[PDB]
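K.L.:
Questions regarding the structure given below will be posed in turn.
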Amino acid sequence: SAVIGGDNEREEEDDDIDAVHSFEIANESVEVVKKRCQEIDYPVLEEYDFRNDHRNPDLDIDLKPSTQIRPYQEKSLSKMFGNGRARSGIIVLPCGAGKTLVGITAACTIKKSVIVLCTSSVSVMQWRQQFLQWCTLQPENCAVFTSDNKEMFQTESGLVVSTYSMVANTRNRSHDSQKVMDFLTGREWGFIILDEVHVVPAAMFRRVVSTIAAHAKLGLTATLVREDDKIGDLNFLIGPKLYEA
DNA sequence: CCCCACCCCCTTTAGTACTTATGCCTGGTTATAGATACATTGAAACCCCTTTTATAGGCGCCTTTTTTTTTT
């Protein structure tokens, strides 16, 4: 019959298509970590029919802010555009560079429910303000999902902003990872933005990505490489540096 | 040479107690406006001056006379 997919606890069950992913011996079903949901894009451009039981995106309005981009910023964005993950991957730029502008552009371009993963709450507030262009921070179009408050909303530069996570009963999206597709989490959001992606390689934080169906992934950072060389894992989950300056 | 254990770090956020400024309201005396004590210069309002010719009471005030009381 028609192809179908569904999300189960940070994994994607698959039916009617052997080609798309990998088969599970234990239970005859194609199963994959949530991160490899993107192969579904194969059906998209193709306009191949499938049923998407897996993704539960928060409803997202088609954003149309106007974001001006200097030339280098456009170049990086375009590199990112090629795969929006393999090509998006991570963008490395100096602090002055205006990576956030690129992020904003991707969010506008993508216009899907988005999750931003940041280290601190302050950065979260900062991002939240920028998100205002799509709809002001006061606007519903922006939300914050953390221990303090849990709001699950759509698109923006990232409609949802959350932190990497901490250790506690309640924490950031890492804790939440099964619950809602983010850079961190399960099946709510299509785009995952990692501000300061270098943090992501933490053994725990990395799960945020794996557990995520979110096809598009962007990591922003001044310095990609880690002393630990943990940075290597990013390519699979997030992507490798498609652009650097 | 490899594996396991111990030591040192930074991560940022949540708690209630303690200190400082703002608003609160509250007890003197000082600064304002007008009238009072009153005192001012101004004026009007007042009685005052010239006399007569007759009538006939009451009015007050004078010096000389008579009576009473005191002292020797």
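Please note that chains go A, B, ... in the order of the structure tokens, that every chain numbers its residues from 1, and that ligands are numbered from 1 in the order shown.
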Near range 178-195 of chain A, counting only C-alpha atoms (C1' of nucleotides), which residues have an atom at most 8 Å away, once you skip same-chain residues fewer than 3 positions from it, shown as a VMD selection string?
P.N.:
chain A and resid 7 9 to 10 34 54 to 58 103 107 110 112 to 119 154 158 164 173 to 174 200 205 to 209 211 to 221
K.L.:
Please check the contacts: residues of chain B at most 12 Å away from chain A, using only C-alpha atoms (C1' of nucleotides), listed as a ChimeraX atom specification.
P.N.:
/B:11-14
K.L.:
So which bits of range 3-245 of chain A end up helix (DSSP H, G or I) when you DSSP the backbone, as a ChimeraX atom specification?
P.N.:
/A:34-46,71-81,95-97,99-110,121-133,173-176,197-199,206-210,230-237
K.L.:
With C-alpha atoms kept, could you save the residues just selected as a CSV table (one decimal), in the first residue's frame?
P.N.:
```csv
chain,number,residue,atom,x,y,z
A,34,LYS,CA,14.1,9.8,15.0
A,35,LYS,CA,16.9,11.8,13.5
A,36,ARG,CA,16.8,9.8,10.2
A,37,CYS,CA,13.3,10.9,9.5
A,38,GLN,CA,14.7,13.3,6.9
A,39,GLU,CA,15.0,10.5,4.3
A,40,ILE,CA,11.3,11.2,3.9
A,41,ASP,CA,12.4,14.2,2.0
A,42,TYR,CA,12.9,11.6,-0.7
A,43,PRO,CA,9.2,11.4,-1.0
A,44,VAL,CA,8.7,15.2,-0.7
A,45,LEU,CA,10.5,16.7,-3.8
A,46,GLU,CA,9.2,13.6,-5.6
A,71,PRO,CA,26.7,38.7,1.1
A,72,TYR,CA,28.7,36.4,3.3
A,73,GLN,CA,25.6,35.7,5.3
A,74,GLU,CA,23.8,34.8,2.2
A,75,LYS,CA,26.6,32.5,1.1
A,76,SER,CA,26.6,30.6,4.4
A,77,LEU,CA,22.9,30.4,4.3
A,78,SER,CA,22.9,29.0,0.8
A,79,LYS,CA,25.5,26.4,1.7
A,80,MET,CA,23.1,25.5,4.5
A,81,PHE,CA,20.2,25.4,2.1
A,95,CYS,CA,30.8,36.7,17.1
A,96,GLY,CA,30.3,39.9,15.0
A,97,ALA,CA,29.3,37.8,12.0
A,99,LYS,CA,24.9,34.1,12.6
A,100,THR,CA,21.6,35.0,14.1
A,101,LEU,CA,20.6,36.7,10.9
A,102,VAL,CA,21.3,33.5,9.0
A,103,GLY,CA,19.3,31.6,11.6
A,104,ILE,CA,16.5,34.1,11.2
A,105,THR,CA,16.6,33.6,7.5
A,106,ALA,CA,16.5,29.9,7.7
A,107,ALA,CA,13.5,30.1,10.0
A,108,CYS,CA,11.8,32.4,7.7
A,109,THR,CA,12.7,30.3,4.7
A,110,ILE,CA,11.8,27.1,6.4
A,121,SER,CA,18.1,31.5,29.8
A,122,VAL,CA,19.5,34.9,29.0
A,123,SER,CA,20.4,33.9,25.5
A,124,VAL,CA,16.9,32.4,25.3
A,125,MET,CA,15.4,35.8,26.2
A,126,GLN,CA,17.7,37.4,23.6
A,127,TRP,CA,16.7,35.0,20.9
A,128,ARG,CA,13.1,35.4,21.9
A,129,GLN,CA,13.3,39.1,21.3
A,130,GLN,CA,14.7,38.6,17.8
A,131,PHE,CA,12.0,36.1,17.0
A,132,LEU,CA,9.7,39.1,17.3
A,133,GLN,CA,10.1,39.9,13.7
A,173,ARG,CA,14.8,20.0,26.2
A,174,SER,CA,17.3,17.2,26.8
A,175,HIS,CA,15.1,16.0,29.6
A,176,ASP,CA,12.1,16.6,27.3
A,197,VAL,CA,26.3,23.8,18.9
A,198,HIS,CA,29.6,22.9,20.5
A,199,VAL,CA,27.7,22.1,23.7
A,206,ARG,CA,23.4,14.7,21.9
A,207,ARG,CA,20.3,12.6,22.5
A,208,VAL,CA,18.2,15.7,21.9
A,209,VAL,CA,19.1,15.5,18.2
A,210,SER,CA,18.9,11.7,17.8
A,230,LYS,CA,33.5,14.8,20.3
A,231,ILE,CA,32.7,17.3,17.5
A,232,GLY,CA,32.9,14.3,15.1
A,233,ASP,CA,29.5,13.1,16.2
A,234,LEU,CA,27.8,16.2,15.0
A,235,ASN,CA,28.1,15.4,11.4
A,236,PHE,CA,25.7,12.5,11.7
A,237,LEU,CA,23.2,14.1,13.9
```
K.L.:
Mind giving me the straight-line distance from CA of residue 196 in chain A to CA of residue 168 in chain A in Å, one decimal?
P.N.:
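For CA of residue 196 in chain A relative to CA of residue 168 in chain A, the distance reads 22.2 Å.
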K.L.:
When you draw a straight line from CA of residue 136 in chain A to CA of residue 159 in chain A, how long is it in Å?
P.N.:
10.5 Å
K.L.:
In Å to one decimal, how far is CA of residue 156 in chain A from CA of residue 135 in chain A?
P.N.:
7.2 Å
K.L.:
So which bits of range 40-148 of chain A end up strand (DSSP E or B) when you DSSP the backbone, as a PyMOL selection string?
P.N.:
chain A and resi 50-52+89-92+114-118+143-145
K.L.:
Would you mind exporting N, CA and C atoms of the selected residues as a PDB file, in the first residue's frame?
P.N.:
```
ATOM      1  N   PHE A  50       2.899   9.354   1.058  1.00  0.00           N
ATOM      2  CA  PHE A  50       3.190   8.669   2.283  1.00  0.00           C
ATOM      3  C   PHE A  50       2.266   9.240   3.310  1.00  0.00           C
ATOM      4  N   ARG A  51       2.073   8.518   4.430  1.00  0.00           N
ATOM      5  CA  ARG A  51       1.248   9.020   5.489  1.00  0.00           C
ATOM      6  C   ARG A  51       2.198   9.381   6.579  1.00  0.00           C
ATOM      7  N   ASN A  52       2.048  10.587   7.154  1.00  0.00           N
ATOM      8  CA  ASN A  52       3.002  10.963   8.150  1.00  0.00           C
ATOM      9  C   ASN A  52       2.346  10.920   9.491  1.00  0.00           C
ATOM     10  N   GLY A  89      23.845  21.851   8.510  1.00  0.00           N
ATOM     11  CA  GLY A  89      24.917  21.415   9.335  1.00  0.00           C
ATOM     12  C   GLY A  89      25.225  22.523  10.268  1.00  0.00           C
ATOM     13  N   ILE A  90      26.520  22.856  10.410  1.00  0.00           N
ATOM     14  CA  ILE A  90      26.797  23.945  11.287  1.00  0.00           C
ATOM     15  C   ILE A  90      27.544  25.004  10.556  1.00  0.00           C
ATOM     16  N   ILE A  91      27.302  26.261  10.973  1.00  0.00           N
ATOM     17  CA  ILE A  91      27.941  27.398  10.385  1.00  0.00           C
ATOM     18  C   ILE A  91      28.848  28.001  11.405  1.00  0.00           C
ATOM     19  N   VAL A  92      30.122  28.212  11.022  1.00  0.00           N
ATOM     20  CA  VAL A  92      31.065  28.757  11.955  1.00  0.00           C
ATOM     21  C   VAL A  92      31.381  30.161  11.547  1.00  0.00           C
ATOM     22  N   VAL A 114       9.783  25.618  15.021  1.00  0.00           N
ATOM     23  CA  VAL A 114      11.191  25.566  15.208  1.00  0.00           C
ATOM     24  C   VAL A 114      11.532  25.581  16.654  1.00  0.00           C
ATOM     25  N   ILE A 115      12.684  24.969  16.971  1.00  0.00           N
ATOM     26  CA  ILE A 115      13.158  24.889  18.314  1.00  0.00           C
ATOM     27  C   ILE A 115      14.570  25.382  18.352  1.00  0.00           C
ATOM     28  N   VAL A 116      14.847  26.307  19.286  1.00  0.00           N
ATOM     29  CA  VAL A 116      16.183  26.783  19.427  1.00  0.00           C
ATOM     30  C   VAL A 116      16.686  26.244  20.730  1.00  0.00           C
ATOM     31  N   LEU A 117      17.913  25.705  20.711  1.00  0.00           N
ATOM     32  CA  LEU A 117      18.512  25.142  21.884  1.00  0.00           C
ATOM     33  C   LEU A 117      19.625  26.061  22.283  1.00  0.00           C
ATOM     34  N   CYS A 118      19.538  26.680  23.478  1.00  0.00           N
ATOM     35  CA  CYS A 118      20.570  27.583  23.905  1.00  0.00           C
ATOM     36  C   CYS A 118      21.070  27.141  25.252  1.00  0.00           C
ATOM     37  N   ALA A 143       7.677  31.343  21.854  1.00  0.00           N
ATOM     38  CA  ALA A 143       7.366  30.649  23.077  1.00  0.00           C
ATOM     39  C   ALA A 143       8.651  30.192  23.700  1.00  0.00           C
ATOM     40  N   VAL A 144       8.610  29.822  25.000  1.00  0.00           N
ATOM     41  CA  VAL A 144       9.780  29.317  25.666  1.00  0.00           C
ATOM     42  C   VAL A 144       9.401  28.028  26.336  1.00  0.00           C
ATOM     43  N   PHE A 145      10.231  26.971  26.178  1.00  0.00           N
ATOM     44  CA  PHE A 145       9.930  25.704  26.784  1.00  0.00           C
ATOM     45  C   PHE A 145      11.085  25.377  27.679  1.00  0.00           C
TER      46      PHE A 145
END
```
